[PDB]
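Data file: work26.pdb. Format and content: PDB, C-alpha atoms.
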ATOM      1  CA  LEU T   1      96.969  93.843 112.646
ATOM      2  CA  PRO T   2      97.612  90.892 110.270
ATOM      3  CA  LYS T   3     101.140  90.647 108.875
ATOM      4  CA  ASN T   4     102.233  90.689 105.233
ATOM      5  CA  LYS T   5      99.621  90.462 102.484
ATOM      6  CA  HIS T   6      96.574  88.242 102.051
ATOM      7  CA  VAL T   7      97.643  85.213 100.030
ATOM      8  CA  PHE T   8      95.364  84.478  97.067
ATOM      9  CA  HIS T   9      93.467  81.289  97.854
ATOM     10  CA  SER T  10      90.244  80.776  95.856
ATOM     11  CA  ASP T  11      88.578  77.999  97.852
ATOM     12  CA  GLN T  12      86.494  75.425  95.984
ATOM     13  CA  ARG T  13      84.444  74.680  99.097
ATOM     14  CA  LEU T  14      82.837  78.132  98.843
ATOM     15  CA  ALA T  15      79.521  78.746  97.080
ATOM     16  CA  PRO T  16      80.325  79.676  93.465
ATOM     17  CA  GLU T  17      78.770  83.139  93.872
ATOM     18  CA  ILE T  18      81.023  83.742  96.869
ATOM     19  CA  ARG T  19      84.135  82.400  95.162
ATOM     20  CA  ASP T  20      83.392  84.818  92.275
ATOM     21  CA  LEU T  21      83.055  87.810  94.579
ATOM     22  CA  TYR T  22      86.262  86.661  96.318
ATOM     23  CA  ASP T  23      88.129  86.710  92.997
ATOM     24  CA  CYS T  24      86.896  90.235  92.201
ATOM     25  CA  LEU T  25      87.779  91.523  95.657
ATOM     26  CA  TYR T  26      91.271  90.063  95.498
ATOM     27  CA  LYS T  27      91.833  91.828  92.171
ATOM     28  CA  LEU T  28      90.712  95.143  93.676
ATOM     29  CA  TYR T  29      92.966  94.484  96.677
ATOM     30  CA  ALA T  30      96.093  93.401  94.858
ATOM     31  CA  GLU T  31      95.916  95.028  91.447
ATOM     32  CA  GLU T  32      94.103  98.406  91.527
ATOM     33  CA  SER T  33      96.136 101.357  92.779
ATOM     34  CA  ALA T  34      93.029 103.285  93.832
ATOM     35  CA  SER T  35      92.492 100.631  96.527
ATOM     36  CA  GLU T  36      95.704 101.631  98.372
ATOM     37  CA  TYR T  37      94.200 103.098 101.527
ATOM     38  CA  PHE T  38      91.508 100.412 101.768
ATOM     39  CA  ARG T  39      93.650  97.285 101.533
ATOM     40  CA  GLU T  40      94.817  96.854 105.153
ATOM     41  CA  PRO T  41      93.274  97.798 108.518
ATOM     42  CA  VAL T  42      94.742 101.037 109.827
ATOM     43  CA  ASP T  43      96.622 101.328 113.107
ATOM     44  CA  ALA T  44      94.772 104.581 113.783
ATOM     45  CA  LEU T  45      96.706 105.596 116.889
ATOM     46  CA  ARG T  46     100.059 104.906 115.239
ATOM     47  CA  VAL T  47      99.236 107.142 112.241
ATOM     48  CA  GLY T  48      97.808 109.870 114.461
ATOM     49  CA  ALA T  49      94.156 109.468 113.516
ATOM     50  CA  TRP T  50      93.401 109.812 117.210
ATOM     51  CA  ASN T  51      89.580 109.786 117.179
ATOM     52  CA  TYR T  52      89.150 107.124 114.468
ATOM     53  CA  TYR T  53      87.733 104.357 116.671
ATOM     54  CA  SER T  54      85.054 106.624 118.171
ATOM     55  CA  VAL T  55      83.952 107.997 114.804
ATOM     56  CA  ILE T  56      84.110 104.590 113.127
ATOM     57  CA  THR T  57      82.483 101.967 115.325
ATOM     58  CA  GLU T  58      82.808  99.172 112.742
ATOM     59  CA  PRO T  59      86.211  99.405 111.013
ATOM     60  CA  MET T  60      86.644  97.389 107.836
ATOM     61  CA  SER T  61      89.164  96.834 105.037
ATOM     62  CA  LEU T  62      89.563  94.571 102.034
ATOM     63  CA  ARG T  63      92.090  92.466 103.989
ATOM     64  CA  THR T  64      89.547  91.864 106.726
ATOM     65  CA  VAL T  65      86.876  90.745 104.246
ATOM     66  CA  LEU T  66      89.235  88.550 102.223
ATOM     67  CA  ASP T  67      90.489  86.803 105.357
ATOM     68  CA  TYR T  68      86.914  86.277 106.606
ATOM     69  CA  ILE T  69      86.029  84.654 103.311
ATOM     70  CA  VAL T  70      88.966  82.261 103.417
ATOM     71  CA  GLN T  71      88.640  81.512 107.169
ATOM     72  CA  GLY T  72      84.923  80.663 106.969
ATOM     73  CA  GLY T  73      82.194  80.992 109.568
ATOM     74  CA  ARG T  74      81.202  84.559 108.806
ATOM     75  CA  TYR T  75      79.653  84.738 105.363
ATOM     76  CA  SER T  76      76.851  82.554 104.030
ATOM     77  CA  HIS T  77      75.512  84.957 101.399
ATOM     78  CA  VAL T  78      77.085  87.444  98.988
ATOM     79  CA  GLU T  79      74.879  90.231 100.375
ATOM     80  CA  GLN T  80      76.658  89.834 103.720
ATOM     81  CA  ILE T  81      80.051  90.267 102.084
ATOM     82  CA  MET T  82      78.841  93.303 100.175
ATOM     83  CA  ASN T  83      77.480  94.734 103.414
ATOM     84  CA  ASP T  84      80.988  94.678 104.913
ATOM     85  CA  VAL T  85      82.560  95.956 101.675
ATOM     86  CA  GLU T  86      80.138  98.914 101.624
ATOM     87  CA  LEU T  87      81.310  99.707 105.163
ATOM     88  CA  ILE T  88      84.809 100.301 103.835
ATOM     89  CA  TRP T  89      83.620 103.075 101.528
ATOM     90  CA  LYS T  90      81.063 104.522 103.961
ATOM     91  CA  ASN T  91      83.615 104.630 106.802
ATOM     92  CA  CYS T  92      85.942 106.511 104.449
ATOM     93  CA  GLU T  93      83.342 109.144 103.536
ATOM     94  CA  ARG T  94      82.307 109.462 107.191
ATOM     95  CA  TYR T  95      85.819 110.075 108.522
ATOM     96  CA  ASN T  96      87.535 111.848 105.615
ATOM     97  CA  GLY T  97      84.542 113.658 104.140
ATOM     98  CA  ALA T  98      82.910 113.079 100.762
ATOM     99  CA  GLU T  99      85.029 115.828  99.178
ATOM    100  CA  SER T 100      88.380 114.176 100.038
ATOM    101  CA  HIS T 101      90.419 112.398  97.385
ATOM    102  CA  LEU T 102      90.372 109.360  99.654
ATOM    103  CA  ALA T 103      86.589 109.330  99.346
ATOM    104  CA  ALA T 104      86.989 109.797  95.585
ATOM    105  CA  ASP T 105      89.101 106.644  95.430
ATOM    106  CA  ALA T 106      86.638 104.780  97.656
ATOM    107  CA  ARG T 107      83.891 105.648  95.189
ATOM    108  CA  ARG T 108      86.145 104.568  92.331
ATOM    109  CA  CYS T 109      86.811 101.203  94.000
ATOM    110  CA  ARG T 110      83.094 100.725  94.570
ATOM    111  CA  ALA T 111      82.362 101.340  90.876
ATOM    112  CA  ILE T 112      85.274  99.165  89.713
ATOM    113  CA  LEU T 113      84.120  96.254  91.877
ATOM    114  CA  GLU T 114      80.644  96.565  90.362
ATOM    115  CA  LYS T 115      82.165  96.266  86.880
ATOM    116  CA  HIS T 116      84.338  93.262  87.835
ATOM    117  CA  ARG T 117      81.213  91.488  89.015
ATOM    118  CA  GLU T 118      79.159  92.378  85.912
ATOM    119  CA  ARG T 119      82.023  91.225  83.649
ATOM    120  CA  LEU T 120      82.396  87.810  85.331
ATOM    121  CA  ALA T 121      78.613  87.539  85.036
ATOM    122  CA  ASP T 122      79.418  87.012  81.331
TER     123      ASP T 122
END
Go through the file and emit its structure as structure tokens.
Amino acid sequence: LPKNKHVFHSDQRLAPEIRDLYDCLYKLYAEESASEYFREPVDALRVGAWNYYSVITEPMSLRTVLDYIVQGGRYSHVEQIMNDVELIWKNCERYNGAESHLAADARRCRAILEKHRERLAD
């Protein structure tokens, strides 16, 4: 699992739509407290979530997405990024149940991201 925190680097070589999504995602990652459990990939075995990797076949976190964006070679379209971001929330509801407060914060993050994007669209 990657060390320390993702360093904000808004790369000018990216498509503008992707750089914009990057900026919104970084804000969610670094600035919104409801994103806490979705920031970094979980060491499932270390935290005693023993069956996590069998329940969740495609793990995902904001860190993972942000690093992919900066590293290149994965994303060519915003819809691809959003596909991975949606995984974060879906994985959460799948493993913790829709009634958990973790799932409540996933849904909050999802809605907040939507608003970040709509705002920058003006």
Exercise. Can you list, as a ChimeraX atom specification, the residues that the PyMOL selection byres ((chain T and resi 37-45) around 8) selects here?
Worked result: /T:1,29,34-36,46-50,52-53,59-64,88,102,106
Exercise. Care to translate the PyMOL selection byres ((chain T and resi 89-95) around 7) into actual residues of this file, as a PyMOL selection string?
Worked result: chain T and resi 55-56+86-88+96-98+103+106-107
Problem set entry | Evaluate the PyMOL selection byres ((chain T and resi 67) around 12) and report residues as an MDAnalysis selection string | chainID T and resid 2:3 5:11 22 25:26 29 39:41 60:66 68:75 81
For this session: Anything within 12 Å of (85.9, 83.5, 90.0): list those residues as a PyMOL selection string, counting all atoms listed in the file and sticking to the file's coordinates.
Result: chain T and resi 8-12+14-27+116-122
Problem set entry | Interatomic distance, atom CA of residue 109 of chain T to atom CA of residue 84 of chain T (Å, one decimal) | 14.0 Å
Exercise. How far is it from atom CA of residue 112 of chain T to atom CA of residue 4 of chain T, in Å with one decimal?
Worked result: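 The value is 24.5 Å.
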